[PDB]
Amino acid sequence: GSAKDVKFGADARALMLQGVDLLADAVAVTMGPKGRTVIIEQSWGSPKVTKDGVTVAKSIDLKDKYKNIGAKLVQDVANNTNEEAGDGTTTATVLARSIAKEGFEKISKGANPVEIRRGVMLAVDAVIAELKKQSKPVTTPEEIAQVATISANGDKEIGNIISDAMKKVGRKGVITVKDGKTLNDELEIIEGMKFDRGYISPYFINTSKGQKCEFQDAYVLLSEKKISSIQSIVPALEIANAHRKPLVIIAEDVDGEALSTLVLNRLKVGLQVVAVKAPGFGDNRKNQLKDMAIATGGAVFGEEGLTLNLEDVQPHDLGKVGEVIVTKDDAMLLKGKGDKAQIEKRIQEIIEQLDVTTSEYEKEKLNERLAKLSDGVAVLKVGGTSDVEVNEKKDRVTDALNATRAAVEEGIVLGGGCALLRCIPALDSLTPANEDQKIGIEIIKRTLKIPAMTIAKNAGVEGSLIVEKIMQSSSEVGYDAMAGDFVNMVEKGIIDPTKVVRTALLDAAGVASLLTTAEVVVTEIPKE
Amino acid sequence: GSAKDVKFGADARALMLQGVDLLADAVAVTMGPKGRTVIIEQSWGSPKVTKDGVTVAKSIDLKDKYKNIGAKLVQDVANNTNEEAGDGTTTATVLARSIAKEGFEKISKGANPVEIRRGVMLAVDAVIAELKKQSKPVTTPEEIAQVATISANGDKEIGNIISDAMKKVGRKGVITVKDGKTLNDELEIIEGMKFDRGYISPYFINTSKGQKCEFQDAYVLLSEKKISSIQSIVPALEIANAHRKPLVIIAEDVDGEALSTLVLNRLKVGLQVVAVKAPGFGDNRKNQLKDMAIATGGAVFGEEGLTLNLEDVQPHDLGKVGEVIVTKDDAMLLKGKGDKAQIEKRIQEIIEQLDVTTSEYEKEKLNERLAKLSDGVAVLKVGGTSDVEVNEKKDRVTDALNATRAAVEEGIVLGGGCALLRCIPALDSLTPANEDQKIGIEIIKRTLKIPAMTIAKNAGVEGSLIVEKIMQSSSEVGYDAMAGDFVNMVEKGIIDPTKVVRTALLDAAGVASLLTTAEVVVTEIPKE
Amino acid sequence: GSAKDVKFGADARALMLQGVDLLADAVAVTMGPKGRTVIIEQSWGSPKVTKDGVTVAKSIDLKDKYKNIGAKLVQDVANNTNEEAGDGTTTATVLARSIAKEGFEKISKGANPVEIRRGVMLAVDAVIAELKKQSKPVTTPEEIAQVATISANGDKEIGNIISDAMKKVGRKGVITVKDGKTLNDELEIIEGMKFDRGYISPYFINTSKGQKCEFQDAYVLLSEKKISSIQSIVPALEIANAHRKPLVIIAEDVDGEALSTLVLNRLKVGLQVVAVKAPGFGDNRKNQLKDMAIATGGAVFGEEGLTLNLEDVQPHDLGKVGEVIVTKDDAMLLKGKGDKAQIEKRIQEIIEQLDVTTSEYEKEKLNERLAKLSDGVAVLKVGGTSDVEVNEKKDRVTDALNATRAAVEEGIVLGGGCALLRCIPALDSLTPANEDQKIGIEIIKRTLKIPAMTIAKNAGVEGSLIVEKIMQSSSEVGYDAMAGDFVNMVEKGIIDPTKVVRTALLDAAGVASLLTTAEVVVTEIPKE
Amino acid sequence: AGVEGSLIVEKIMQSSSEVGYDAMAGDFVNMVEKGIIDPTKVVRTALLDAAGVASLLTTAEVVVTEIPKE
Ligand SMILES: Nc1ncnc2c1ncn2[C@@H]1O[C@H](COP(=O)(O)OP(=O)(O)O)[C@@H](O)[C@H]1O
Ligand SMILES: Nc1ncnc2c1ncn2[C@@H]1O[C@H](COP(=O)(O)OP(=O)(O)O)[C@@H](O)[C@H]1O
Ligand SMILES: Nc1ncnc2c1ncn2[C@@H]1O[C@H](COP(=O)(O)OP(=O)(O)O)[C@@H](O)[C@H]1O
Ligand code: BEF
Ligand code: BEF
Ligand code: BEF
Ligand SMILES: [K+]
Ligand SMILES: [K+]
Ligand SMILES: [K+]
Ligand SMILES: [Mg+2]
Ligand SMILES: [Mg+2]
Ligand SMILES: [Mg+2]
């Protein structure tokens, strides 16, 4: 195969620990307030300017093979935490390094690194079991605003926007962020359903405005397969013209012949119609048109084993929507009169359909159908003046938005590091089975101070001195690293999700305590 | 991934600031009168010779990875200002460097660069709020001549041509510049309609002059698809011969058969006809022939979903024009009797169709339809003796022309930098929330002096000395850097659009105050 | 993008001027009599041996990035002058360098190069305004003989040949030069039209002479596409035989079926016909046969969108010519009865088409159509024994021929440089607006002595001493650099076109006075 | 002095016998009246020492030099 190079013992430990220290010194500066950004060279355009501690970690790839092993294993810590919780990735990386450093010190000839690993995990289990006890559910809509304000680097506008969006959509609603264009942030609460597809012919525009077709109290014709002929399309339009209401035609496509009839009747006397294709792309639209059908109340035509055909339609067989808006790239149905008692049964089917399966894409479009249908979705167009700014402000908004959605399900706990500092008394009652498990528990006991310590450090004060004066203090008191003094937390509004705290700790301790059991390292030769 | 290299703290700050200082020293020389040109090597031919601070900034790309980071982020400022306002890009780059340099000094261990950022933006909000107070709208057509004269590097011919072109077309008309051929500048005001296409057969020439077919009070036949046969063409000519008026035939093409008919009846007894193809090329001509129709009063034949056919024409179904001029490469319709009340409704449609969309090509041919139809457009053929010369003057004409269109919409304000210098008293009443925001406000208070200071520096005098004596002086007094003495401004005619001043400041402060929050820089390894 | 390297201030100035000084030192040696040749290596064959200052300027491309910028900007001066006038390229380059050198000295910290530029152009405008006063039209045919003899480097045979060719064709006729084969120069005056293509079958020879087909008062049949079948050719012959006149058949080709008929009717009773293909090769013949048509009066058959077919011809539809001469390799039509008032409109059409465009091949075959069309034309087959000689002597003839045609339209003036020396008094009455415009006027005032000075220098004498002794002398007295003594000029026959003198000054002053405005230079890195 | 050399020399030789160039004021003057003079001894030895030495250098056809070892 490929020529390799092996290194044993303390030499390899040091080099890997050198790789860990570098990638963690790069990210540790981005912690808490008074943290500082990191500029990353993009290979093509203007550079990134981040504060998120995974963008910093996934970039840093080191030349040396052994230091790079350290970097990769810290990258995997930072990434496991991000996907699981969405914030707290700096918190994990400093905890990972601290367990690595303290581990590559206790490795003498008589020590057993694997029992040390077992002791670390006993300590970690005990501490996340202590977090859940001192956890408390988030109840008031003000605690939502605080969690957001904190994880957004203390930007209070962000906190009010995410709290407002979560009152008007539901705490488990669908908030999603976009690249805004204006200078300020905007909360847009979409009402109804909308799909990324516009009218076929630019003759349906009846608005004399920004290229819109706008209807009220329309019928809906849902077709699975194409509407080719003049034959299949005529009966529906006779219904629409007779009842004197507009008509929307959502089909796989409108062929040129039925299209030519639609355009004709629009331009003279002036029948009110409009056509758009289906949302797409394949098997999905077959479910989503059916979703559209029952949301409005009607039937999808051409169905496989029902094959409702177009030639025999009836006015109850058409859906009804209060307002219809269609532009050159997107259509919106708003107030479907769809017998809510039945659209709710649909919601229950789709939610059971996701609990069953997972494919990262079947579950993706699955959630698209839920959100599109009921409570409407919120979007957060962020302001800014230049690109790199918007991209920075956007990394902070998503970290705040993940924090709030991870807090509403699993409660809040003190911040500034005090969450973990208030767990050390839990470790002081463990009775280890042997000497090596005692070493592991002592490793975590030291490591729990790292978060509070690294925040004070970036603030410019003595880290460990602040950590001690916190522990001596009462249970609700800790350090506000912005104001630079000690405060009650919840009264002052410093809190963190318990989910982000425990997953960061658990992913760090998980990977770090395994690195420390190594004795050999095998690397590819660095040919050229 | 790619082997990377990280640098921390003061070392990295220094390297990026070196990249910034270089790219800004290169562009700063091109400021104000007595500014100086910059020769840029073009990779293929003779070099460019500019004074615009984006051609200078976008060209300069650096070898070192860290210096290039500084340069790229200054290109982004200069570019954001150009697209948003069209002038003021040097003003942006020097303001940017001043905010970076002043920022890479206050970064001690206890400073919070992110709060300093917040203070910088507090200062910028208050100052653009003060510019808007001391601003005034542009009213007299002498103020238009002045703004144009200033932004053209003090070339008064440019000021008179643009004011003349803007008086005869409207302050929001359509002026466009071209590479002239003569030695002097020319203002050509196209009045009416014209498209770049001539007659098919050189037998329609009835002029006994420079190869022209020239008619008065003619009919117009607008056909979308080809005129193949004798059958479809014959009825229109019977109308033309019966009423005894000439006829123009604007179609996609005139086939050899209908063509052989047209030439025959022209060469004997002497029916007055002439034919041309459509403007082109594809979907566009379909709208553009429709535009011509309502401009003259008639109907496009063969239309998709109207299919007005040629066999049943009627004399009212033909357009009418006062005079028709057709050469071997272009046709001009002048005085269409087209029911102006309806073509204005058309104009309003096309203007909303551009405000809605943008594709750089749909919006291109879109403006072609306004101009071709609307109040005659002005075109400016610039003189010169050699090519590199014309490209310089053309960079200056466009910056002069962009400035006037940014003054007519958003008012004017003092020039020479005095616009910003007259805002410092606004900053002196800010009450910063903490120490870090106070640092930011002082950063801006110093930076506001940079524009006036860099103009005096380029003039060969002491920069800060001129700045001090201006502030001591009255509100209308400041420095004329060409005459080299202090003057009232508006009476002397030194003014700038408020839009260019505010966007230059805002794009610089936005980008620069984020660079100064950095603590780490990660760059790809420079392999070879 | 590509890594670039910037240089500021005097360093950059020095290097560019080194490039200007190099490219201009190389060319100055080819000036006036006693100038000297320049050997250029051709990458493929035997080298060039020139005296023209554009062949020398366009070759020299420099290694260093900064020296090459200077070289290119002097190339642009020499090229703009050649295209505008056809001679005077050495005069321009020494004037360009002199303005560059004198410009890269006065650039101190307080000087404004842009105002110096304005003064330079004020001075150039005033001096080209003085040339036209002291200009006088060329009237006698001996002044033509002198203008030609001078710019041909004092070759008196060249002067007599060009004067003779211009007497027999008109001073604005079409003279054109070719690579002769003999040892001496030859003046051949073609009469009528001619193309390099002979009869198809060697049976049309009715001459009993040197292999010629010779007709008088013939018809002409012009076909764009081939004459394939017996069907298309017979009616034309029926007409030609009916009226009892010969017939010429100019088509893309005469296929073997129609050919066997033409030859058959030729060999028995003796119908007078003859066939030749078109001039060629592709799109050109489509225009060139049409040119031939209107010159004789008729129609080209098979046309694209007129498709005049061969089957329906008529005797007015055939061209008529006074005499027809066809050999084995070329055909000549002489006295086309073509309603000349329109071929003149055609000639004016083709002449404007070349002034508009240039492609070295569109303009090449373009000139083929003028001469082929015009009545008569002169050609000058130059002698010589080897190629490099002919290429040289041919370079001098064209410069003489451009000179005489530039004198007949715009008058003559004293020579040897004395034309400009006699303009300095105009500069001494300018009143400059400021110090910088004063600096510029002095730049030109110094620069006007350069031509006389560089000619005396090359003659082996002291340059400025000859310049001084001229200015003290009367207005008609100056220096004959061949005889080496002072003479009246017009009596002695040393004169230059005013068009060549003024364009030389103006293109140099334009470009150089812009180079002298530079303060930064941006160049691509020279990787490898 | 910053002017064209041979041009001043020509305008001097054209002039009268006492007229020449004062290079400080930058104009032509009578000399003794204005006070520009030099000893005849210094002029003649300068020419004679130069012409002597130089006119022998120009008679050379070969040059022999010691090798520049190091
Ligand atoms: N104003 C503040 N005062 C004190 N501690 C804070 C403040 N804001 C955030 N923190 C703490 O800093 C830590 C960093 O939060 P998180 O967003 O996970 O880290 P990062 O800075 O990497 O985003 C959290 O534990 C949080 O409690
Ligand atoms: N003649 C002048 N005297 C004093 N100041 C001037 C003069 N002309 C322009 N300025 C000022 O110089 C600044 C440069 O304007 P801008 O169009 O950005 O020039 P550049 O394009 O070189 O950057 C403006 O703020 C303008 O008001
Ligand atoms: N015999 C001559 N004596 C003095 N001056 C001359 C003579 N012949 C030409 N000249 C001058 O030399 C100048 C340079 O002419 P140009 O055409 O540029 O030379 P070339 O064509 O060889 O480059 C012209 O202005 C011309 O008047
Ligand atoms: F960088 Be944070 F702790 F997600
Ligand atoms: F360089 Be300018 F201020 F656009
Ligand atoms: F060099 Be010459 F005047 F064309
Ligand atoms: K972070
Ligand atoms: K500029
Ligand atoms: K020459
Ligand atoms: Mg984060
Ligand atoms: Mg500009
Ligand atoms: Mg020449």
# chains A, B, ... in the order shown; residues from 1 in each chain; ligands from 1

$ residues_near_ligand --ligand "ligand 12" --cutoff "8 Å" --atoms "only C-alpha atoms and all ligand atoms" --output "short mmCIF file (atom, residue, chain, number, x, y, z; two decimals) with C-alpha atoms, in the first residue's frame"
data_model
loop_
_atom_site.label_atom_id
_atom_site.label_comp_id
_atom_site.auth_asym_id
_atom_site.auth_seq_id
_atom_site.Cartn_x
_atom_site.Cartn_y
_atom_site.Cartn_z
CA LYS C 51 13.00 52.38 -42.44
CA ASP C 52 9.36 52.89 -41.41
CA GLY C 53 8.94 53.86 -37.79
CA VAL C 54 5.95 51.60 -37.17
CA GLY C 86 0.31 57.06 -43.62
CA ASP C 87 3.66 58.82 -42.97
CA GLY C 88 5.29 60.77 -40.13
CA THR C 89 5.68 57.97 -37.59
CA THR C 90 9.28 58.71 -36.61
CA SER C 151 9.09 61.02 -48.34
CA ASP C 395 7.77 50.33 -47.68
CA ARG C 396 9.21 53.63 -48.95
CA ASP C 399 4.91 56.24 -47.58
#

$ residues_around --residues "residue 384 in chain C" --least-positions-apart "6" --cutoff "10 Å" --atoms "only C-alpha atoms" --output "list in words"
residues 179, 180, 181, 182, 183, 184, 185, 390, 391, 392, 393 and 394 of chain C

$ write_last_selection --atoms "C-alpha atoms" --output "mmCIF file, in the first residue's frame"
data_model
loop_
_atom_site.group_PDB
_atom_site.id
_atom_site.type_symbol
_atom_site.label_atom_id
_atom_site.label_comp_id
_atom_site.auth_asym_id
_atom_site.auth_seq_id
_atom_site.Cartn_x
_atom_site.Cartn_y
_atom_site.Cartn_z
ATOM 1 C CA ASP C 179 5.709 42.929 -55.470
ATOM 2 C CA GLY C 180 7.282 43.320 -58.851
ATOM 3 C CA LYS C 181 9.424 40.640 -60.376
ATOM 4 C CA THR C 182 11.599 42.632 -62.773
ATOM 5 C CA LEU C 183 14.626 44.722 -61.777
ATOM 6 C CA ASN C 184 13.048 48.160 -62.356
ATOM 7 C CA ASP C 185 9.789 49.829 -61.444
ATOM 8 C CA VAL C 390 11.596 44.662 -52.456
ATOM 9 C CA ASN C 391 9.894 44.703 -49.064
ATOM 10 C CA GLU C 392 12.033 47.724 -48.125
ATOM 11 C CA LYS C 393 11.725 49.701 -51.349
ATOM 12 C CA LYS C 394 8.012 48.916 -51.220
#

$ interface_residues --of "chain C" --to "chain B" --cutoff "6 Å" --atoms "only C-alpha atoms" --output "mmCIF file with N, CA, C and O atoms, in the first residue's frame"
data_model
loop_
_atom_site.group_PDB
_atom_site.id
_atom_site.type_symbol
_atom_site.label_atom_id
_atom_site.label_comp_id
_atom_site.auth_asym_id
_atom_site.auth_seq_id
_atom_site.Cartn_x
_atom_site.Cartn_y
_atom_site.Cartn_z
ATOM 1 N N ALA C 3 -1.713 37.810 -9.354
ATOM 2 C CA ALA C 3 -0.907 38.632 -8.458
ATOM 3 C C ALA C 3 -0.232 39.758 -9.222
ATOM 4 O O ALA C 3 0.369 39.541 -10.280
ATOM 5 N N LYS C 4 -0.335 40.963 -8.679
ATOM 6 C CA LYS C 4 0.179 42.157 -9.321
ATOM 7 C C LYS C 4 1.212 42.809 -8.407
ATOM 8 O O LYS C 4 1.325 42.478 -7.223
ATOM 9 N N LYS C 72 4.504 50.237 -25.099
ATOM 10 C CA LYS C 72 3.166 50.156 -25.677
ATOM 11 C C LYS C 72 2.594 51.542 -25.935
ATOM 12 O O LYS C 72 2.008 51.786 -26.995
ATOM 13 N N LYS C 109 6.166 68.204 -6.012
ATOM 14 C CA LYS C 109 5.064 67.927 -5.105
ATOM 15 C C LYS C 109 3.910 68.896 -5.298
ATOM 16 O O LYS C 109 2.763 68.551 -4.993
ATOM 17 N N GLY C 110 4.181 70.100 -5.793
ATOM 18 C CA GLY C 110 3.146 71.110 -5.917
ATOM 19 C C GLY C 110 2.557 71.217 -7.307
ATOM 20 O O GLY C 110 1.513 71.850 -7.502
ATOM 21 N N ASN C 112 0.622 70.218 -10.733
ATOM 22 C CA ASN C 112 -0.597 69.497 -11.080
ATOM 23 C C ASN C 112 -0.447 68.955 -12.494
ATOM 24 O O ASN C 112 -0.648 69.700 -13.464
ATOM 25 N N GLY C 305 -32.743 36.463 -51.917
ATOM 26 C CA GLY C 305 -34.118 36.887 -51.714
ATOM 27 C C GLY C 305 -34.695 37.756 -52.815
ATOM 28 O O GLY C 305 -35.560 38.599 -52.559
ATOM 29 N N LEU C 306 -34.251 37.532 -54.048
ATOM 30 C CA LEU C 306 -34.882 38.128 -55.217
ATOM 31 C C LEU C 306 -35.064 36.993 -56.216
ATOM 32 O O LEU C 306 -36.087 36.905 -56.902
ATOM 33 N N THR C 517 0.935 62.191 -16.504
ATOM 34 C CA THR C 517 0.028 62.427 -15.392
ATOM 35 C C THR C 517 0.014 61.282 -14.390
ATOM 36 O O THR C 517 -0.780 61.312 -13.443
ATOM 37 N N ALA C 518 0.879 60.287 -14.559
ATOM 38 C CA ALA C 518 0.830 59.074 -13.756
ATOM 39 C C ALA C 518 1.579 59.218 -12.430
ATOM 40 O O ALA C 518 2.595 59.913 -12.330
ATOM 41 N N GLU C 519 1.058 58.528 -11.409
ATOM 42 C CA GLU C 519 1.654 58.473 -10.072
ATOM 43 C C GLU C 519 1.793 57.055 -9.509
ATOM 44 O O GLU C 519 2.557 56.868 -8.555
ATOM 45 N N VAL C 520 1.066 56.068 -10.035
ATOM 46 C CA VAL C 520 1.166 54.676 -9.613
ATOM 47 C C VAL C 520 1.158 53.821 -10.873
ATOM 48 O O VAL C 520 0.614 54.216 -11.908
ATOM 49 N N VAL C 521 1.769 52.645 -10.795
ATOM 50 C CA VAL C 521 1.731 51.698 -11.903
ATOM 51 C C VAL C 521 1.486 50.307 -11.336
ATOM 52 O O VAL C 521 2.157 49.889 -10.387
ATOM 53 N N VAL C 522 0.499 49.611 -11.897
ATOM 54 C CA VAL C 522 0.062 48.298 -11.436
ATOM 55 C C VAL C 522 0.347 47.305 -12.559
ATOM 56 O O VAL C 522 -0.174 47.457 -13.672
ATOM 57 N N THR C 523 1.166 46.291 -12.275
ATOM 58 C CA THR C 523 1.583 45.327 -13.286
ATOM 59 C C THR C 523 1.369 43.908 -12.783
ATOM 60 O O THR C 523 1.480 43.631 -11.586
#

$ residues_around --residues "residue 11 in chain D" --least-positions-apart "4" --cutoff "10 Å" --atoms "only C-alpha atoms" --output "PDB file with N, CA, C and O atoms, in the first residue's frame"
ATOM      1  N   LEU C 465      22.641  73.371 -32.643  1.00  0.00           N
ATOM      2  CA  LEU C 465      23.311  74.464 -33.342  1.00  0.00           C
ATOM      3  C   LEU C 465      22.638  74.746 -34.684  1.00  0.00           C
ATOM      4  O   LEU C 465      22.439  75.909 -35.053  1.00  0.00           O
ATOM      5  N   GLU C 468      19.293  76.478 -33.914  1.00  0.00           N
ATOM      6  CA  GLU C 468      19.449  77.894 -33.597  1.00  0.00           C
ATOM      7  C   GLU C 468      19.710  78.721 -34.845  1.00  0.00           C
ATOM      8  O   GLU C 468      19.124  79.794 -35.020  1.00  0.00           O
ATOM      9  N   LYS C 469      20.606  78.255 -35.714  1.00  0.00           N
ATOM     10  CA  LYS C 469      20.945  79.064 -36.875  1.00  0.00           C
ATOM     11  C   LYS C 469      19.786  79.150 -37.869  1.00  0.00           C
ATOM     12  O   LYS C 469      19.748  80.083 -38.679  1.00  0.00           O
TER      13      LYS C 469
ATOM     14  N   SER D   6      25.229  74.043 -26.487  1.00  0.00           N
ATOM     15  CA  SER D   6      25.752  74.509 -27.766  1.00  0.00           C
ATOM     16  C   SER D   6      24.983  75.720 -28.277  1.00  0.00           C
ATOM     17  O   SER D   6      25.510  76.491 -29.089  1.00  0.00           O
ATOM     18  N   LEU D   7      23.728  75.881 -27.852  1.00  0.00           N
ATOM     19  CA  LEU D   7      22.946  77.040 -28.276  1.00  0.00           C
ATOM     20  C   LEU D   7      23.524  78.336 -27.704  1.00  0.00           C
ATOM     21  O   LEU D   7      23.624  79.339 -28.419  1.00  0.00           O
ATOM     22  N   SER D  15      28.197  86.972 -31.347  1.00  0.00           N
ATOM     23  CA  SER D  15      28.217  88.276 -30.709  1.00  0.00           C
ATOM     24  C   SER D  15      29.565  88.972 -30.892  1.00  0.00           C
ATOM     25  O   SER D  15      30.491  88.465 -31.536  1.00  0.00           O
ATOM     26  N   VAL D  19      31.358  90.326 -25.526  1.00  0.00           N
ATOM     27  CA  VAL D  19      30.069  89.821 -25.068  1.00  0.00           C
ATOM     28  C   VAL D  19      30.157  88.318 -24.848  1.00  0.00           C
ATOM     29  O   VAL D  19      30.796  87.591 -25.621  1.00  0.00           O
ATOM     30  N   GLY D  20      29.500  87.852 -23.797  1.00  0.00           N
ATOM     31  CA  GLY D  20      29.414  86.432 -23.533  1.00  0.00           C
ATOM     32  C   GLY D  20      28.422  86.168 -22.423  1.00  0.00           C
ATOM     33  O   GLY D  20      27.611  87.032 -22.083  1.00  0.00           O
ATOM     34  N   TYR D  21      28.499  84.980 -21.834  1.00  0.00           N
ATOM     35  CA  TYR D  21      27.418  84.483 -20.994  1.00  0.00           C
ATOM     36  C   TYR D  21      27.812  84.567 -19.531  1.00  0.00           C
ATOM     37  O   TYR D  21      28.829  84.000 -19.117  1.00  0.00           O
ATOM     38  N   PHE D  28      23.411  87.512 -21.390  1.00  0.00           N
ATOM     39  CA  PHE D  28      24.638  87.911 -22.055  1.00  0.00           C
ATOM     40  C   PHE D  28      25.043  89.306 -21.611  1.00  0.00           C
ATOM     41  O   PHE D  28      24.194  90.175 -21.406  1.00  0.00           O
TER      42      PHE D  28
END

$ atom_distance --atom1 "CA of residue 431 in chain B" --atom2 "CA of residue 443 in chain B"
14.6 Å

$ interface_residues --of "chain C" --to "chain D" --cutoff "12 Å" --atoms "only C-alpha atoms" --output "PyMOL selection string"
chain C and resi 446+449+453+461-472

$ write_last_selection --atoms "N, CA and C atoms" --output "PDB file, in the first residue's frame"
ATOM      1  N   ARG C 446       9.734  73.675 -26.074  1.00  0.00           N
ATOM      2  CA  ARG C 446      10.987  72.943 -26.197  1.00  0.00           C
ATOM      3  C   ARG C 446      10.851  71.836 -27.233  1.00  0.00           C
ATOM      4  N   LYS C 449      11.507  71.853 -31.376  1.00  0.00           N
ATOM      5  CA  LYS C 449      12.821  71.812 -32.006  1.00  0.00           C
ATOM      6  C   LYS C 449      13.299  70.390 -32.295  1.00  0.00           C
ATOM      7  N   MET C 453      16.314  68.895 -34.982  1.00  0.00           N
ATOM      8  CA  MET C 453      17.484  68.522 -34.208  1.00  0.00           C
ATOM      9  C   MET C 453      17.845  67.055 -34.440  1.00  0.00           C
ATOM     10  N   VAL C 461      26.046  66.090 -37.550  1.00  0.00           N
ATOM     11  CA  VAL C 461      26.358  67.440 -37.106  1.00  0.00           C
ATOM     12  C   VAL C 461      25.699  67.692 -35.759  1.00  0.00           C
ATOM     13  N   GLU C 462      25.916  68.887 -35.225  1.00  0.00           N
ATOM     14  CA  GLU C 462      25.378  69.267 -33.929  1.00  0.00           C
ATOM     15  C   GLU C 462      23.916  69.653 -34.115  1.00  0.00           C
ATOM     16  N   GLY C 463      23.026  69.008 -33.377  1.00  0.00           N
ATOM     17  CA  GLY C 463      21.611  69.242 -33.575  1.00  0.00           C
ATOM     18  C   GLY C 463      21.150  70.653 -33.271  1.00  0.00           C
ATOM     19  N   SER C 464      21.264  71.053 -32.001  1.00  0.00           N
ATOM     20  CA  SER C 464      20.706  72.326 -31.552  1.00  0.00           C
ATOM     21  C   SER C 464      21.384  73.520 -32.214  1.00  0.00           C
ATOM     22  N   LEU C 465      22.641  73.371 -32.643  1.00  0.00           N
ATOM     23  CA  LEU C 465      23.311  74.464 -33.342  1.00  0.00           C
ATOM     24  C   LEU C 465      22.638  74.746 -34.684  1.00  0.00           C
ATOM     25  N   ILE C 466      22.261  73.696 -35.420  1.00  0.00           N
ATOM     26  CA  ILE C 466      21.521  73.893 -36.663  1.00  0.00           C
ATOM     27  C   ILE C 466      20.155  74.501 -36.373  1.00  0.00           C
ATOM     28  N   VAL C 467      19.488  74.033 -35.318  1.00  0.00           N
ATOM     29  CA  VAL C 467      18.176  74.570 -34.961  1.00  0.00           C
ATOM     30  C   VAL C 467      18.268  76.062 -34.663  1.00  0.00           C
ATOM     31  N   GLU C 468      19.293  76.478 -33.914  1.00  0.00           N
ATOM     32  CA  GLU C 468      19.449  77.894 -33.597  1.00  0.00           C
ATOM     33  C   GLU C 468      19.710  78.721 -34.845  1.00  0.00           C
ATOM     34  N   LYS C 469      20.606  78.255 -35.714  1.00  0.00           N
ATOM     35  CA  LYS C 469      20.945  79.064 -36.875  1.00  0.00           C
ATOM     36  C   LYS C 469      19.786  79.150 -37.869  1.00  0.00           C
ATOM     37  N   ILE C 470      18.834  78.211 -37.817  1.00  0.00           N
ATOM     38  CA  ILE C 470      17.636  78.305 -38.651  1.00  0.00           C
ATOM     39  C   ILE C 470      16.714  79.417 -38.156  1.00  0.00           C
ATOM     40  N   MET C 471      16.418  79.431 -36.854  1.00  0.00           N
ATOM     41  CA  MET C 471      15.428  80.367 -36.321  1.00  0.00           C
ATOM     42  C   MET C 471      15.846  81.826 -36.515  1.00  0.00           C
ATOM     43  N   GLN C 472      17.142  82.115 -36.407  1.00  0.00           N
ATOM     44  CA  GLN C 472      17.607  83.464 -36.691  1.00  0.00           C
ATOM     45  C   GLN C 472      17.415  83.816 -38.154  1.00  0.00           C
TER      46      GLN C 472
END

$ atom_distance --atom1 "CA of residue 163 in chain A" --atom2 "CA of residue 149 in chain A"
9.7 Å

$ select_by_dssp --residues "range 7-55 of chain B" --states "strand (DSSP E or B)" --output "list in words"
residues 7, 8, 37, 38, 39, 40, 48, 49 and 50 of chain B

$ closest_residue --among "C:323, C:493, C:454, C:142" --to "ligand 9" --atoms "only C-alpha atoms and all ligand atoms"
C:454

$ atom_distance --atom1 "CA of residue 330 in chain C" --atom2 "CA of residue 348 in chain C"
26.7 Å

$ select_by_dssp --residues "range 50-266 of chain B" --states "helix (DSSP H, G or I)" --output "PyMOL selection string"
chain B and resi 55-59+65-85+89-103+113-134+141-151+156-167+230-243+256-266
